[PDB]
């Protein structure tokens, strides 16, 4: 059954920090915002590198979490993906094209493709979901924010000419946006976004880093799980959660408070090294790797996340973020 759909009582154990920047000439300050899949015993991770100079991305793989820190990084600026600003990836296999997509931000909502996740040198130069630039609704409501944190999820409707692919994004100004196109058209044809949730009075309650997952075998009110990062007390990052019966439906809070979050300081036990009070910008490690973003909740979720020493005092892009893991 769905023994790991934990309702309003999610509980986790965190590892210590698992992935650090390399001591190399790139002088990366933080490793951030992971996306990951597990295929035949190998974990494939994409993450962002952060320093005051800028953002770009890395790929690495490993078989053992305790050895992840020794995995060589492929710096994706060596692929056609290239130099420039790129951040905050999401990886999935778009089965109808037999291509992996890496969805990320480069100033717009962007994607690269690759037929083989094991060949990081082949990731394409970015192409954008919104060919004319930032949508009007986002430009009109962004204020002093930033258009960030792109997420695709597709429904599993039989007819591809009708099944929808949704692209979510945030503005660091209290809005969550959603566009759609058909499976047949994807990646082309994303509609003008709609605001699907907003918290204008406290923008930090609906900050960024959305994830939308299908729960395998769930056919009713909890078919879809929405996670959004919030900033609480003392700047501690945590995830709020909601559920819905469809991707473009009515979200109902699940575990959505700082005291009872989906994942946060309140419900994460550091059984070993205790190194962060923030559970930030994370993703579930997926074994069902296709564009439906399906989780099998007969098995414990593993959520790879960015954490940071709460006492670090740096410029924001120089924060010493490291990757860690929470497991149910």
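Residue numbers count along the first chain shown, from 1.
Mean CA B-factor, 294 to 302 versus 270 to 278: the higher value falls on 270 to 278. Mean CA temperature factor is higher for 1 to 9 when stretches 317 to 325 and 1 to 9 are set side by side in the entry. Annotation for 108, 179, 144, 185: 144 ranks highest, by Cα B-factor. Within the listed group 35, 289, 63, 48, the record reports its top CA B-factor for 63. Compared with the other modelled residues of the chain, the Cα B-factor recorded for residue 56 ranks in the middle third. Per the deposited record, the Cα B-factor of residue 41 falls in the highest third when ranked against the other modelled residues of its chain. Residue 265 sits in the middle third of its chain by CA B factor, as recorded in the PDB entry. Among the modelled residues of its chain, residue 115 has a C-alpha B-factor that falls in the highest third according to the deposited record. In this PDB entry, the Cα temperature factor of residue 307 sits in the bottom third of its chain's modelled residues, the lowest group.
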